[PDB]
Protein chains: 2
Amino acid sequence: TXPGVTXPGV
Amino acid sequence: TXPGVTXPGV
DNA sequence: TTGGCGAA
DNA sequence: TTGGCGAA
Ligand code: NA
Ligand code: NA
């Protein structure tokens with residue numbers, strides 16, 4: 001996720 | 001780092 | 001080398 | 001499979 005917590009996605 | 005941005009370190 | 005974050 | 005986050 002994120003960042004943070006990529007995306008999702010990407 | 002962090003998380004985010006572990007530690008460092010660990 | 002290790003940390004393992006945080007879903008679609 | 002991809003994203004590549006962010007130093008000691
Ligand atoms: Na290294
Ligand atoms: Na998977």
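Chain letters run A, B, ... following the sequence lines, proteins first, then strands; residues in each count from 1. Computed from heavy atoms alone, side chains included, the values below leave out hydrogens, waters and symmetry copies.
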Secondary structure of DNA chain D in dot-bracket form (Watson-Crick or G-U wobble, distances below 3.5 Å, | marking inter-strand pairs): .|..||.|
With P as the reference atom in both, quote the distance from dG3(C) to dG4(D) in angstrom, rounded to an integer. 23 Å
Proximity to the side chain of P8(B) - top-ranked nucleotide from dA7(D), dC5(D), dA7(C): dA7(D)
For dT2(C) and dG6(D), measure between their P atoms and round to the nearest Å. 23 Å
